[PDB]
$ cat work16.cif   # mmCIF, C-alpha atoms and all ligand atoms
data_protein
#
loop_
_atom_site.label_atom_id
_atom_site.label_comp_id
_atom_site.auth_asym_id
_atom_site.auth_seq_id
_atom_site.Cartn_x
_atom_site.Cartn_y
_atom_site.Cartn_z
CA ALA A 1 -4.51 16.71 19.70
CA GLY A 2 -3.52 15.55 16.21
CA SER A 3 -5.70 12.78 14.78
CA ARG A 4 -6.34 9.10 15.34
CA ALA A 5 -7.58 6.21 13.23
CA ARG A 6 -11.38 5.85 13.10
CA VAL A 7 -10.94 2.08 13.23
CA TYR A 8 -8.62 -0.45 14.82
CA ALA A 9 -7.29 2.48 16.84
CA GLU A 10 -6.52 0.64 20.07
CA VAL A 11 -6.13 -2.98 18.96
CA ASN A 12 -2.35 -3.14 19.50
CA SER A 13 -2.67 -1.85 23.08
CA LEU A 14 -5.26 -4.57 23.67
CA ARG A 15 -2.76 -7.23 22.56
CA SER A 16 0.19 -8.82 24.34
CA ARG A 17 3.22 -6.51 24.21
CA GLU A 18 5.13 -9.28 22.43
CA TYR A 19 2.78 -8.80 19.46
CA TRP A 20 3.91 -5.28 18.57
CA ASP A 21 7.29 -5.02 20.30
CA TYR A 22 9.13 -6.24 17.21
CA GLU A 23 12.50 -5.01 18.53
CA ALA A 24 12.17 -7.79 21.13
CA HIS A 25 11.35 -10.39 18.50
CA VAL A 26 13.94 -13.15 18.05
CA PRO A 27 13.50 -14.93 14.71
CA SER A 28 14.38 -18.61 14.36
CA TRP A 29 16.86 -18.55 11.50
CA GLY A 30 16.99 -21.72 9.43
CA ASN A 31 19.67 -22.89 7.01
CA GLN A 32 19.34 -21.26 3.58
CA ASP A 33 21.19 -24.32 2.19
CA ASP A 34 17.72 -25.91 2.07
CA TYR A 35 17.10 -23.64 -0.94
CA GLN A 36 18.37 -23.71 -4.52
CA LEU A 37 18.25 -20.12 -5.83
CA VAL A 38 17.55 -20.70 -9.52
CA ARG A 39 16.73 -17.40 -11.17
CA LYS A 40 15.90 -13.75 -10.61
CA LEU A 41 12.16 -13.27 -10.05
CA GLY A 42 10.94 -11.48 -13.17
CA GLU A 43 17.14 -9.25 -4.89
CA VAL A 44 14.30 -11.73 -5.11
CA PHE A 45 15.01 -15.14 -6.56
CA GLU A 46 12.88 -18.06 -7.63
CA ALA A 47 14.08 -20.99 -5.59
CA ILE A 48 13.54 -24.68 -5.12
CA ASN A 49 13.24 -26.21 -1.68
CA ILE A 50 15.81 -29.00 -1.92
CA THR A 51 13.76 -31.23 0.39
CA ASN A 52 10.40 -31.33 -1.41
CA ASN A 53 11.25 -29.76 -4.79
CA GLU A 54 8.57 -27.15 -4.15
CA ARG A 55 9.10 -23.80 -5.84
CA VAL A 56 9.25 -20.70 -3.63
CA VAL A 57 10.53 -17.13 -3.60
CA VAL A 58 13.60 -16.10 -1.67
CA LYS A 59 14.09 -12.44 -0.70
CA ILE A 60 17.60 -11.58 0.48
CA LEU A 61 17.62 -9.12 3.36
CA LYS A 62 20.20 -6.51 4.27
CA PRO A 63 22.34 -7.99 7.06
CA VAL A 64 23.64 -4.73 8.55
CA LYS A 65 20.13 -3.73 9.67
CA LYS A 66 18.62 -5.69 12.62
CA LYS A 67 15.70 -3.30 13.44
CA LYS A 68 13.97 -3.33 10.03
CA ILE A 69 14.67 -7.08 9.75
CA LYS A 70 12.96 -7.77 13.07
CA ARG A 71 10.12 -5.49 12.05
CA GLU A 72 9.43 -7.12 8.70
CA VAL A 73 9.66 -10.67 10.10
CA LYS A 74 7.39 -9.87 13.05
CA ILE A 75 4.76 -8.18 10.89
CA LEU A 76 4.84 -11.09 8.43
CA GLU A 77 4.47 -13.65 11.19
CA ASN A 78 1.59 -11.62 12.72
CA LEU A 79 -0.11 -11.52 9.29
CA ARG A 80 0.35 -15.23 8.51
CA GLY A 81 -2.85 -16.73 7.12
CA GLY A 82 -4.22 -13.28 6.35
CA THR A 83 -6.42 -13.03 3.26
CA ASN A 84 -4.33 -12.22 0.16
CA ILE A 85 -1.27 -11.52 2.30
CA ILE A 86 1.91 -12.96 0.79
CA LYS A 87 2.68 -16.04 2.91
CA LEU A 88 6.01 -16.19 4.74
CA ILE A 89 7.15 -19.83 4.73
CA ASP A 90 10.47 -19.52 6.52
CA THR A 91 13.21 -17.25 7.79
CA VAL A 92 16.71 -18.45 6.97
CA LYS A 93 20.36 -17.42 6.89
CA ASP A 94 23.10 -18.42 4.42
CA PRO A 95 25.39 -20.65 6.49
CA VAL A 96 28.56 -18.84 5.30
CA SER A 97 27.64 -15.15 5.22
CA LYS A 98 24.99 -15.35 7.96
CA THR A 99 22.93 -13.02 5.71
CA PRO A 100 19.19 -13.23 6.45
CA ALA A 101 16.66 -14.07 3.79
CA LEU A 102 12.92 -14.61 3.76
CA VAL A 103 11.18 -17.49 1.99
CA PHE A 104 7.79 -16.77 0.43
CA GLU A 105 5.08 -18.67 -1.41
CA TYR A 106 5.50 -18.47 -5.21
CA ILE A 107 3.05 -16.32 -7.29
CA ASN A 108 3.21 -16.01 -11.08
CA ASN A 109 2.89 -12.22 -11.52
CA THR A 110 1.58 -10.60 -14.67
CA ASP A 111 3.40 -7.28 -15.23
CA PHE A 112 0.82 -4.68 -14.23
CA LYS A 113 1.91 -2.49 -17.16
CA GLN A 114 0.40 -5.08 -19.50
CA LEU A 115 -2.31 -6.46 -17.20
CA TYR A 116 -4.06 -3.11 -16.57
CA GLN A 117 -4.60 -2.58 -20.34
CA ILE A 118 -6.93 -5.59 -20.66
CA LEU A 119 -8.72 -5.38 -17.31
CA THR A 120 -12.46 -4.88 -17.63
CA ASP A 121 -14.69 -2.94 -15.24
CA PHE A 122 -15.48 -6.25 -13.58
CA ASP A 123 -11.79 -7.16 -13.24
CA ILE A 124 -10.88 -3.83 -11.60
CA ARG A 125 -13.72 -4.24 -9.10
CA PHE A 126 -12.68 -7.85 -8.50
CA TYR A 127 -9.00 -7.09 -7.82
CA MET A 128 -9.62 -3.91 -5.83
CA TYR A 129 -11.95 -5.96 -3.67
CA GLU A 130 -9.28 -8.66 -3.19
CA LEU A 131 -6.74 -5.95 -2.33
CA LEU A 132 -9.18 -4.45 0.19
CA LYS A 133 -9.52 -7.87 1.82
CA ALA A 134 -5.75 -7.69 2.45
CA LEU A 135 -5.73 -4.11 3.73
CA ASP A 136 -8.71 -4.58 6.00
CA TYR A 137 -6.92 -7.59 7.46
CA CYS A 138 -3.51 -6.01 8.14
CA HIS A 139 -5.19 -2.85 9.52
CA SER A 140 -7.35 -5.09 11.75
CA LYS A 141 -4.01 -6.56 12.82
CA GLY A 142 -2.82 -3.10 13.79
CA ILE A 143 -0.50 -2.77 10.80
CA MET A 144 -0.13 -0.16 8.07
CA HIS A 145 1.50 -1.43 4.92
CA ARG A 146 2.81 2.05 3.98
CA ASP A 147 3.89 1.09 0.41
CA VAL A 148 0.74 0.20 -1.53
CA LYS A 149 1.49 0.44 -5.31
CA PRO A 150 1.06 -1.85 -8.37
CA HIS A 151 4.54 -3.32 -7.98
CA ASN A 152 3.61 -4.55 -4.52
CA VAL A 153 0.36 -6.10 -5.69
CA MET A 154 1.16 -9.37 -7.43
CA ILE A 155 -1.61 -10.68 -9.65
CA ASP A 156 -1.81 -14.06 -11.39
CA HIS A 157 -4.57 -13.30 -13.86
CA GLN A 158 -4.78 -16.92 -15.03
CA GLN A 159 -5.69 -18.06 -11.54
CA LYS A 160 -7.30 -14.79 -10.42
CA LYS A 161 -4.93 -14.63 -7.43
CA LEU A 162 -3.70 -11.54 -5.66
CA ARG A 163 -1.07 -11.06 -2.99
CA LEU A 164 0.07 -7.91 -1.14
CA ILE A 165 3.83 -8.22 -0.93
CA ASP A 166 6.92 -6.41 0.47
CA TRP A 167 6.13 -5.52 4.06
CA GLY A 168 9.56 -3.91 4.55
CA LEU A 169 8.05 -0.48 5.10
CA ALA A 170 5.10 -1.72 7.18
CA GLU A 171 4.62 -0.36 10.74
CA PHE A 172 2.45 -1.00 13.78
CA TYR A 173 -0.15 1.71 14.39
CA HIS A 174 -0.30 3.19 17.89
CA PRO A 175 -2.58 6.18 18.57
CA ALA A 176 -0.70 9.53 18.61
CA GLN A 177 2.52 7.91 17.39
CA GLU A 178 4.62 10.08 15.11
CA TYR A 179 6.02 8.25 12.12
CA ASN A 180 8.52 8.71 9.28
CA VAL A 181 6.77 10.50 6.43
CA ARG A 182 9.52 9.31 4.08
CA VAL A 183 7.55 6.12 3.42
CA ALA A 184 5.64 4.78 0.41
CA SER A 185 6.61 5.50 -3.18
CA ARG A 186 6.23 9.06 -4.57
CA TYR A 187 3.15 8.66 -6.80
CA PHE A 188 1.24 6.90 -4.02
CA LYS A 189 2.21 9.16 -1.10
CA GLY A 190 -0.83 10.66 0.60
CA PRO A 191 -0.97 14.44 1.14
CA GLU A 192 -0.25 13.99 4.86
CA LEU A 193 3.24 12.67 4.00
CA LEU A 194 3.94 15.45 1.57
CA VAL A 195 3.16 18.16 4.12
CA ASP A 196 5.27 16.54 6.89
CA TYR A 197 2.32 15.43 9.02
CA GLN A 198 3.62 12.56 11.16
CA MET A 199 0.52 11.43 13.07
CA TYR A 200 -1.03 9.48 10.20
CA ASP A 201 -2.66 6.04 10.27
CA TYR A 202 -4.17 3.15 8.24
CA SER A 203 -5.80 5.71 5.97
CA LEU A 204 -2.45 6.33 4.34
CA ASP A 205 -2.89 2.92 2.65
CA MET A 206 -6.39 3.91 1.52
CA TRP A 207 -5.07 6.96 -0.28
CA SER A 208 -2.57 4.71 -2.09
CA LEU A 209 -5.33 2.24 -2.95
CA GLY A 210 -7.32 5.17 -4.28
CA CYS A 211 -4.35 6.17 -6.47
CA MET A 212 -4.30 2.70 -7.93
CA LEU A 213 -8.08 2.75 -8.51
CA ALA A 214 -7.79 6.06 -10.35
CA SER A 215 -5.01 4.80 -12.65
CA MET A 216 -6.95 1.63 -13.47
CA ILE A 217 -10.32 3.20 -14.30
CA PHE A 218 -8.82 6.29 -16.01
CA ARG A 219 -5.81 4.64 -17.76
CA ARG A 220 -3.44 7.35 -16.54
CA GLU A 221 -0.70 5.45 -14.68
CA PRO A 222 0.52 6.83 -12.41
CA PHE A 223 -2.44 9.13 -11.84
CA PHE A 224 -0.61 11.79 -9.82
CA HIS A 225 2.74 11.92 -11.64
CA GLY A 226 5.03 14.09 -9.52
CA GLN A 227 8.62 14.77 -10.56
CA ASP A 228 9.61 15.04 -6.88
CA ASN A 229 7.87 15.20 -3.49
CA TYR A 230 7.18 18.91 -3.81
CA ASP A 231 5.71 18.55 -7.28
CA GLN A 232 3.74 15.52 -6.10
CA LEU A 233 1.60 17.72 -3.83
CA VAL A 234 1.26 20.11 -6.76
CA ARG A 235 -0.10 17.35 -9.02
CA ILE A 236 -2.59 16.31 -6.33
CA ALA A 237 -3.79 19.90 -5.70
CA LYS A 238 -4.24 20.41 -9.44
CA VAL A 239 -7.03 17.89 -9.00
CA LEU A 240 -8.27 18.17 -5.44
CA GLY A 241 -7.90 21.98 -5.49
CA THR A 242 -5.53 24.39 -3.74
CA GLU A 243 -8.05 26.20 -1.52
CA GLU A 244 -9.21 22.69 -0.50
CA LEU A 245 -5.60 21.86 0.45
CA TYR A 246 -5.32 24.97 2.60
CA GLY A 247 -8.58 23.95 4.29
CA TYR A 248 -7.11 20.55 5.17
CA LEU A 249 -3.96 22.19 6.54
CA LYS A 250 -6.01 24.69 8.53
CA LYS A 251 -8.08 21.92 10.12
CA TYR A 252 -5.09 19.89 11.35
CA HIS A 253 -2.94 22.93 12.21
CA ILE A 254 -0.33 22.07 9.59
CA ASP A 255 1.91 24.84 8.27
CA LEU A 256 2.82 24.49 4.58
CA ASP A 257 6.51 24.59 3.62
CA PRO A 258 7.39 28.13 2.32
CA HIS A 259 8.87 26.45 -0.78
CA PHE A 260 5.32 25.62 -1.88
CA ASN A 261 4.30 29.28 -1.98
CA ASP A 262 5.90 29.67 -5.43
CA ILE A 263 4.93 26.41 -7.13
CA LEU A 264 1.47 25.55 -5.81
CA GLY A 265 -0.26 28.17 -7.90
CA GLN A 266 -4.03 28.41 -7.79
CA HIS A 267 -6.16 25.49 -8.90
CA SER A 268 -9.85 24.66 -8.84
CA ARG A 269 -11.21 21.34 -7.52
CA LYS A 270 -11.84 19.19 -10.58
CA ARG A 271 -14.91 17.02 -10.89
CA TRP A 272 -13.83 13.38 -11.38
CA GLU A 273 -15.97 13.24 -14.52
CA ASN A 274 -13.38 15.52 -16.17
CA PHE A 275 -10.94 12.61 -16.49
CA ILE A 276 -13.37 10.59 -18.59
CA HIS A 277 -12.68 10.35 -22.28
CA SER A 278 -13.20 7.84 -25.06
CA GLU A 279 -10.23 5.70 -24.01
CA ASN A 280 -11.48 4.93 -20.48
CA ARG A 281 -15.26 5.40 -20.75
CA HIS A 282 -15.85 1.61 -20.59
CA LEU A 283 -14.03 1.41 -17.19
CA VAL A 284 -15.71 4.36 -15.49
CA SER A 285 -19.14 4.53 -13.83
CA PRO A 286 -20.83 6.84 -11.35
CA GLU A 287 -20.28 4.22 -8.62
CA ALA A 288 -16.58 4.07 -9.48
CA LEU A 289 -16.24 7.87 -9.19
CA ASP A 290 -18.26 8.19 -6.03
CA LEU A 291 -15.96 5.60 -4.41
CA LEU A 292 -12.87 7.31 -5.78
CA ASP A 293 -13.99 10.68 -4.39
CA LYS A 294 -14.28 9.11 -0.93
CA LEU A 295 -10.76 7.69 -1.12
CA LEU A 296 -8.78 10.51 -2.78
CA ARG A 297 -9.61 13.30 -0.38
CA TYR A 298 -7.12 15.35 1.65
CA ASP A 299 -8.63 14.58 5.03
CA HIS A 300 -7.19 11.14 5.93
CA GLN A 301 -9.57 10.85 8.90
CA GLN A 302 -12.55 11.18 6.56
CA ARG A 303 -11.33 8.76 3.86
CA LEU A 304 -13.29 5.50 3.78
CA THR A 305 -11.77 2.68 5.82
CA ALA A 306 -10.96 -0.53 3.91
CA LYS A 307 -14.10 -2.04 5.40
CA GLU A 308 -16.32 0.90 4.39
CA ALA A 309 -14.89 0.77 0.86
CA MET A 310 -15.79 -2.92 0.68
CA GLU A 311 -19.41 -2.00 1.52
CA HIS A 312 -19.60 0.50 -1.37
CA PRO A 313 -21.95 -0.15 -4.38
CA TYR A 314 -18.93 -0.30 -6.70
CA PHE A 315 -18.18 -3.82 -5.40
CA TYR A 316 -21.82 -5.00 -5.55
CA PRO A 317 -20.90 -7.15 -8.60
CA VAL A 318 -18.01 -8.83 -6.74
CA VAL A 319 -19.39 -9.44 -3.25
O1 LIG B 1 9.18 -8.42 -0.95
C1 LIG B 1 8.31 -9.31 -0.78
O2 LIG B 1 7.57 -9.46 0.24
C2 LIG B 1 8.11 -10.28 -1.91
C3 LIG B 1 8.62 -10.02 -3.18
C4 LIG B 1 8.40 -10.95 -4.19
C5 LIG B 1 7.68 -12.10 -3.87
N1 LIG B 1 7.19 -12.39 -2.64
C6 LIG B 1 7.41 -11.47 -1.68
#

$ encode --input "work16.cif" --output "structure tokens" --more "lines below"
Ligand SMILES: O=C(O)c1cccnc1
Amino acid sequence: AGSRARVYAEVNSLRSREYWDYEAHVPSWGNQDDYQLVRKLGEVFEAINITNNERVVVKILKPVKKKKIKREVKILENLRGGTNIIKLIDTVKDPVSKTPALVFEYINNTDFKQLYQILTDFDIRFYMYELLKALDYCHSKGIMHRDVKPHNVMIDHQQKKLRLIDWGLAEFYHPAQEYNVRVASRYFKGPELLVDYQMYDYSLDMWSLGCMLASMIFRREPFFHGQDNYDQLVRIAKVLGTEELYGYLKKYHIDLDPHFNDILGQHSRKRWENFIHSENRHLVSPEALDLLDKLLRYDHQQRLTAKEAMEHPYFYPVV
């Protein structure tokens, strides 16, 4: 009977159909002439609202779509006011091209490739906890982000502000729904996507969060560095173990692609303590590893929910 989410499983069915039927959504498209598109945001531009000189972000959409446009707008409107969710301010079209764009609150991002090098133990806990606030909220709202990765987590370290951005791959969760496994970005794809298992849920985002946690406390970014989707499962199983992978597959009646038979090899399950060395020892703790172990596990249904992760001792200093 496949699997279902342990939490927020039925919350979309309990809501008005208009909430999740994004194909029926009809956005109110404003005039993009209200916006002065000043610079590329270091197809997203920094812009100034001509009316009130307030700075914003404008993201230009792809006009030929329709379906993914209605889906991203609807999810963003549903998530408005959500904790650490990037705030959609307006939906507009260029008056000449009719091309849709989205207007977002401005956030001064610090490139994660520099930021992560000066984060302390406290910082990582702090920001992971902020990120969890966002994920618990969108999952409570019946939405999987499906593309959690450092590039989609904007952080202003001066102001200690975090925002989960780019909801273009987000979907509504409905129990027993089969989804596209070509979602997320390679390094952060959960094992369920890599073995063509389509009945996944919110716990896909928790695997990606776990990937981020691992790279921050261990200083190996990305942590699972696949060269393609096939090799990505290989990198994971070099850590979580190959016999452990087969167990997972056995449990959910998943048959592994015959291509894997020649490249998977045989690998033992590594203890997380094996990734500790002098260069990350000040970021790692037993509480960090015990949390990580409960996120990066094959069995999506057994992974901690965002809410459970928030209750973990690792965030005791930031609650
Ligand atoms: O894609 C987005 O949602 C996005 C990108 C940059 C800034 N604000 C939002």

$ closest_residue --input "work16.cif" --among "A:185, A:36, A:152, A:31" --to "residue 229 of chain A" --atoms "all atoms listed in the file"
A:185

$ atom_distance --input "work16.cif" --atom1 "atom CA of residue 314 of chain A" --atom2 "atom CA of residue 216 of chain A"
13.9 Å

$ residues_around --input "work16.cif" --residues "residue 104 of chain A" --least-positions-apart "6" --cutoff "8 Å" --atoms "all atoms listed in the file" --output "number ranges by chain"
A: 56-59, 86-90

$ closest_residue --input "work16.cif" --among "A:45, A:315, A:219, A:13" --to "residue 117 of chain A" --atoms "only C-alpha atoms"
A:219

$ residues_near_ligand --input "work16.cif" --ligand "ligand LIG 1 (chain B)" --cutoff "10 Å" --atoms "only C-alpha atoms and all ligand atoms" --output "ChimeraX atom specification"
/A:41-46,56-61,72,76,85-88,102-109,151-154,163-168

$ residues_around --input "work16.cif" --residues "residue 195 of chain A" --least-positions-apart "3" --cutoff "7 Å" --atoms "all atoms listed in the file" --output "PyMOL selection string"
chain A and resi 191-192+256

$ atom_distance --input "work16.cif" --atom1 "atom CA of residue 142 of chain A" --atom2 "atom CA of residue 213 of chain A"
23.6 Å

$ closest_residue --input "work16.cif" --among "A:304, A:288, A:5, A:211" --to "residue 316 of chain A" --atoms "all atoms listed in the file"
A:288

$ residues_near_point --input "work16.cif" --point "(-3.7, -0.9, 9.5)" --cutoff "9 Å" --atoms "all atoms listed in the file" --output "PDB file with C-alpha atoms, keeping the file's coordinate frame"
ATOM      1  CA  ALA A   5      -7.580   6.210  13.230  1.00  0.00           C
ATOM      2  CA  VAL A   7     -10.940   2.080  13.230  1.00  0.00           C
ATOM      3  CA  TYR A   8      -8.620  -0.450  14.820  1.00  0.00           C
ATOM      4  CA  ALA A   9      -7.290   2.480  16.840  1.00  0.00           C
ATOM      5  CA  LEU A 135      -5.730  -4.110   3.730  1.00  0.00           C
ATOM      6  CA  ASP A 136      -8.710  -4.580   6.000  1.00  0.00           C
ATOM      7  CA  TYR A 137      -6.920  -7.590   7.460  1.00  0.00           C
ATOM      8  CA  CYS A 138      -3.510  -6.010   8.140  1.00  0.00           C
ATOM      9  CA  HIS A 139      -5.190  -2.850   9.520  1.00  0.00           C
ATOM     10  CA  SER A 140      -7.350  -5.090  11.750  1.00  0.00           C
ATOM     11  CA  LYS A 141      -4.010  -6.560  12.820  1.00  0.00           C
ATOM     12  CA  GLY A 142      -2.820  -3.100  13.790  1.00  0.00           C
ATOM     13  CA  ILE A 143      -0.500  -2.770  10.800  1.00  0.00           C
ATOM     14  CA  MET A 144      -0.130  -0.160   8.070  1.00  0.00           C
ATOM     15  CA  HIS A 145       1.500  -1.430   4.920  1.00  0.00           C
ATOM     16  CA  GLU A 171       4.620  -0.360  10.740  1.00  0.00           C
ATOM     17  CA  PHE A 172       2.450  -1.000  13.780  1.00  0.00           C
ATOM     18  CA  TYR A 173      -0.150   1.710  14.390  1.00  0.00           C
ATOM     19  CA  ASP A 201      -2.660   6.040  10.270  1.00  0.00           C
ATOM     20  CA  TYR A 202      -4.170   3.150   8.240  1.00  0.00           C
ATOM     21  CA  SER A 203      -5.800   5.710   5.970  1.00  0.00           C
ATOM     22  CA  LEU A 204      -2.450   6.330   4.340  1.00  0.00           C
ATOM     23  CA  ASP A 205      -2.890   2.920   2.650  1.00  0.00           C
TER      24      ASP A 205
END

$ closest_residue --input "work16.cif" --among "A:75, A:276, A:155, A:96" --to "residue 220 of chain A" --atoms "only C-alpha atoms"
A:276

$ residues_around --input "work16.cif" --residues "residue 99 of chain A" --least-positions-apart "5" --cutoff "9 Å" --atoms "all atoms listed in the file" --output "list in words"
residues 60, 61, 62, 63, 64, 92, 93 and 94 of chain A

$ write_last_selection --input "work16.cif" --atoms "C-alpha atoms" --output "PDB file, in the frame of the given file"
ATOM      1  CA  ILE A  60      17.600 -11.580   0.480  1.00  0.00           C
ATOM      2  CA  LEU A  61      17.620  -9.120   3.360  1.00  0.00           C
ATOM      3  CA  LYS A  62      20.200  -6.510   4.270  1.00  0.00           C
ATOM      4  CA  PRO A  63      22.340  -7.990   7.060  1.00  0.00           C
ATOM      5  CA  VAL A  64      23.640  -4.730   8.550  1.00  0.00           C
ATOM      6  CA  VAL A  92      16.710 -18.450   6.970  1.00  0.00           C
ATOM      7  CA  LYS A  93      20.360 -17.420   6.890  1.00  0.00           C
ATOM      8  CA  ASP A  94      23.100 -18.420   4.420  1.00  0.00           C
TER       9      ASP A  94
END

$ atom_distance --input "work16.cif" --atom1 "atom CA of residue 2 of chain A" --atom2 "atom CA of residue 298 of chain A"
15.0 Å

$ closest_residue --input "work16.cif" --among "A:218, A:112, A:207, A:122" --to "residue 236 of chain A" --atoms "all atoms listed in the file"
A:207

$ closest_residue --input "work16.cif" --among "A:310, A:223, A:66, A:233" --to "residue 127 of chain A" --atoms "only C-alpha atoms"
A:310

$ residues_near_point --input "work16.cif" --point "(7.1, -8.1, 19.0)" --cutoff "10 Å" --atoms "only C-alpha atoms" --output "MDAnalysis selection string"
chainID A and resid 16:26 70:71 73:75 77:78 172

$ write_last_selection --input "work16.cif" --atoms "C-alpha atoms" --output "mmCIF file, in the coordinates of the input"
data_model
loop_
_atom_site.group_PDB
_atom_site.id
_atom_site.type_symbol
_atom_site.label_atom_id
_atom_site.label_comp_id
_atom_site.auth_asym_id
_atom_site.auth_seq_id
_atom_site.Cartn_x
_atom_site.Cartn_y
_atom_site.Cartn_z
ATOM 1 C CA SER A 16 0.190 -8.820 24.340
ATOM 2 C CA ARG A 17 3.220 -6.510 24.210
ATOM 3 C CA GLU A 18 5.130 -9.280 22.430
ATOM 4 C CA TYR A 19 2.780 -8.800 19.460
ATOM 5 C CA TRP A 20 3.910 -5.280 18.570
ATOM 6 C CA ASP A 21 7.290 -5.020 20.300
ATOM 7 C CA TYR A 22 9.130 -6.240 17.210
ATOM 8 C CA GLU A 23 12.500 -5.010 18.530
ATOM 9 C CA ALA A 24 12.170 -7.790 21.130
ATOM 10 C CA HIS A 25 11.350 -10.390 18.500
ATOM 11 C CA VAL A 26 13.940 -13.150 18.050
ATOM 12 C CA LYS A 70 12.960 -7.770 13.070
ATOM 13 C CA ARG A 71 10.120 -5.490 12.050
ATOM 14 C CA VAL A 73 9.660 -10.670 10.100
ATOM 15 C CA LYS A 74 7.390 -9.870 13.050
ATOM 16 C CA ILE A 75 4.760 -8.180 10.890
ATOM 17 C CA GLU A 77 4.470 -13.650 11.190
ATOM 18 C CA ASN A 78 1.590 -11.620 12.720
ATOM 19 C CA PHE A 172 2.450 -1.000 13.780
#

$ decode --input "work16.cif" --residues "segment 28-41 of chain A" --atoms "N, CA, C and O atoms" --output "PDB file, in the first residue's frame"
ATOM      1  N   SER A  28      -4.208  37.452  -9.868  1.00  0.00           N
ATOM      2  CA  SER A  28      -4.461  38.828 -10.261  1.00  0.00           C
ATOM      3  C   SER A  28      -3.132  39.436 -10.692  1.00  0.00           C
ATOM      4  O   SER A  28      -2.283  39.736  -9.854  1.00  0.00           O
ATOM      5  N   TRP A  29      -2.947  39.606 -11.995  1.00  0.00           N
ATOM      6  CA  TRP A  29      -1.679  40.104 -12.505  1.00  0.00           C
ATOM      7  C   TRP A  29      -1.648  41.629 -12.560  1.00  0.00           C
ATOM      8  O   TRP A  29      -2.420  42.257 -13.285  1.00  0.00           O
ATOM      9  N   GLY A  30      -0.754  42.218 -11.775  1.00  0.00           N
ATOM     10  CA  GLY A  30      -0.554  43.653 -11.789  1.00  0.00           C
ATOM     11  C   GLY A  30       0.355  44.103 -12.917  1.00  0.00           C
ATOM     12  O   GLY A  30       0.846  43.281 -13.706  1.00  0.00           O
ATOM     13  N   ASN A  31       0.568  45.418 -12.996  1.00  0.00           N
ATOM     14  CA  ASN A  31       1.463  46.009 -13.987  1.00  0.00           C
ATOM     15  C   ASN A  31       2.905  46.018 -13.477  1.00  0.00           C
ATOM     16  O   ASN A  31       3.197  46.616 -12.429  1.00  0.00           O
ATOM     17  N   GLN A  32       3.803  45.361 -14.206  1.00  0.00           N
ATOM     18  CA  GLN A  32       5.200  45.315 -13.792  1.00  0.00           C
ATOM     19  C   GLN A  32       5.877  46.686 -13.972  1.00  0.00           C
ATOM     20  O   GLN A  32       6.950  46.923 -13.431  1.00  0.00           O
ATOM     21  N   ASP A  33       5.238  47.589 -14.718  1.00  0.00           N
ATOM     22  CA  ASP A  33       5.710  48.977 -14.833  1.00  0.00           C
ATOM     23  C   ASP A  33       5.769  49.720 -13.484  1.00  0.00           C
ATOM     24  O   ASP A  33       6.265  50.845 -13.402  1.00  0.00           O
ATOM     25  N   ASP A  34       5.239  49.114 -12.430  1.00  0.00           N
ATOM     26  CA  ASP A  34       5.385  49.696 -11.101  1.00  0.00           C
ATOM     27  C   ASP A  34       6.791  49.466 -10.571  1.00  0.00           C
ATOM     28  O   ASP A  34       7.145  50.014  -9.537  1.00  0.00           O
ATOM     29  N   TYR A  35       7.582  48.661 -11.286  1.00  0.00           N
ATOM     30  CA  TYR A  35       8.895  48.231 -10.794  1.00  0.00           C
ATOM     31  C   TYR A  35      10.055  48.602 -11.711  1.00  0.00           C
ATOM     32  O   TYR A  35      10.010  48.380 -12.928  1.00  0.00           O
ATOM     33  N   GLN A  36      11.075  49.200 -11.103  1.00  0.00           N
ATOM     34  CA  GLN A  36      12.326  49.536 -11.779  1.00  0.00           C
ATOM     35  C   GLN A  36      13.362  48.440 -11.500  1.00  0.00           C
ATOM     36  O   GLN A  36      13.850  48.319 -10.381  1.00  0.00           O
ATOM     37  N   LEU A  37      13.677  47.638 -12.516  1.00  0.00           N
ATOM     38  CA  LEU A  37      14.561  46.490 -12.366  1.00  0.00           C
ATOM     39  C   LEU A  37      16.013  46.919 -12.522  1.00  0.00           C
ATOM     40  O   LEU A  37      16.500  47.052 -13.651  1.00  0.00           O
ATOM     41  N   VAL A  38      16.687  47.123 -11.382  1.00  0.00           N
ATOM     42  CA  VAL A  38      17.957  47.852 -11.312  1.00  0.00           C
ATOM     43  C   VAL A  38      19.208  47.020 -11.575  1.00  0.00           C
ATOM     44  O   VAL A  38      20.139  47.461 -12.275  1.00  0.00           O
ATOM     45  N   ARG A  39      19.253  45.826 -10.996  1.00  0.00           N
ATOM     46  CA  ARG A  39      20.436  45.006 -11.132  1.00  0.00           C
ATOM     47  C   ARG A  39      20.112  43.530 -10.959  1.00  0.00           C
ATOM     48  O   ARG A  39      19.079  43.179 -10.410  1.00  0.00           O
ATOM     49  N   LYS A  40      20.996  42.671 -11.445  1.00  0.00           N
ATOM     50  CA  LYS A  40      20.896  41.255 -11.163  1.00  0.00           C
ATOM     51  C   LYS A  40      21.082  41.016  -9.658  1.00  0.00           C
ATOM     52  O   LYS A  40      21.840  41.728  -8.999  1.00  0.00           O
ATOM     53  N   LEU A  41      20.360  40.050  -9.099  1.00  0.00           N
ATOM     54  CA  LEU A  41      20.470  39.797  -7.667  1.00  0.00           C
ATOM     55  C   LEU A  41      21.640  38.848  -7.420  1.00  0.00           C
ATOM     56  O   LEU A  41      21.570  37.662  -7.751  1.00  0.00           O
TER      57      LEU A  41
END
